[PDB]
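Q: sequence and experimental coordinates follow.
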Amino acid sequence: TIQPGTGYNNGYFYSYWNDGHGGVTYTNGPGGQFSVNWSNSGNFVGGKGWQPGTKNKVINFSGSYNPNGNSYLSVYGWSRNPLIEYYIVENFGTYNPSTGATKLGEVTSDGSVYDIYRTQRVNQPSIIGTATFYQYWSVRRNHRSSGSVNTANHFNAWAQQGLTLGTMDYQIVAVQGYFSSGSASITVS
Ligand SMILES: O[C@@H]1[C@@H](O)[C@H](O[C@@H]2CO[C@@H](O[C@@H]3CO[C@@H](O[C@@H]4CO[C@@H](O[C@@H]5CO[C@@H](O[C@@H]6CO[C@@H](O)[C@H](O)[C@H]6O)[C@H](O)[C@H]5O)[C@H](O)[C@H]4O)[C@H](O)[C@H]3O)[C@H](O)[C@H]2O)OC[C@H]1O
């Protein structure tokens, strides 16, 4: 179990970030494994993967995902120039992250249709400090807690709607919670 930060563990990059609010425990396990337990958290994002990511990675994940409230399970990462926070959301709790967002299209990948959206974060935390930036979303219709994600299928679909990615920064399978509670235990490869 560790404090917020980034690093490398057992061959995998990890990032664990929170907004300073208590109630979250993040633990790195062997290999590509991590777990998170949270109770009345604030906002946090943690998981394992790669630094940098690539635009053609096939990401495998498996384990348990037991949110109680607002939470996401996603392939999650960033680019620079442009600065983009992106999500390929495989499962979520009580809140669909695209609520209120303008849909731009659909993509079929890895056994499901996904709906695609762009949103904007204004003056928020980011990998380069406080910033305004776009977010790109693919939201899986058929929720799951194990499988493989062909990231290129999403990135290509996004590109056809002008949702351009820059040079990749990190790319993880992330568990996110937003003022909620839950448990998750995920192995990445
Ligand atoms: O040392 C630094 C290091 O700290 C830095 O790390 C970066 C910092 O930025 C991180 O990026 C964060 C990650 O979180 C991203 O999350 C956002 C949070 O907002 C979410 O939207 C919210 C969704 O819930 C909505 O509320 C609902 C409303 O309906 C109700 O019924 C329901 O109960 C309720 O929950 C809410 O209104 C809404 O605002 C959004 O979905 C989500 O994407 C965030 O964008 C981003 O800022 C990054 O992870 C770290 O790596 O790196 C640099 C070092 O120098």
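A: Looks like it arrived, so ask away. Numbers count the residues shown, from 1 in each chain.

Q: contacts, neighbours, all on C-alpha from now
A: Fine.

Q: which SS class is the most centrally placed residue in the chain?
A: The centre of the chain sits closest to residue 76, judged by CA atoms, centre = their mean, with a distance of 2.7 Å. Following DSSP: H, G, I helix; E, B strand; the rest coil, the label given to residue 76 is strand.

Q: please, which helix or strand holds the closest residue to it other than its chain neighbours?
A: Excluding the flanking residues, the one nearest residue 76 by CA to CA, 6 or more residues apart in numbering is residue 87, at 4.7 Å. According to DSSP states H and E, residue 87 maps onto strand 84-92.

Q: going by neighbour count, list what's buried in the helix or strand that that strand is followed by.
A: Counting by DSSP H and E, the next helix or strand C-terminal to strand 84-92 is strand 102-109. Going by neighbour count (16 or more other CA atoms under 10 Å), the buried part of strand 102-109 is 104, 106-107, 109.

Q: hang on, the earlier thing: any part of the strand holding residue 87 near the ligand?
A: No: judged by CA under 6 Å from any ligand atom, strand 84-92 stays clear of the ligand, getting no closer than 7.0 Å.

Q: can you give the strand pairings for that strand, parallel or anti for each?
A: As defined by DSSP bridges, the strand partners of strand 84-92 come to strand 71-80 (antiparallel), strand 131-140 (parallel).

Q: quick one: the residue located most distally from the centre of the chain and the ligand, what's the gap?
A: What lies farthest from the middle of the chain is residue 160; by CA atoms, centre = their mean that is 21.5 Å. Using CA to the nearest ligand atom, to the nearest Å, one obtains 22 Å as the distance from residue 160 to the ligand.
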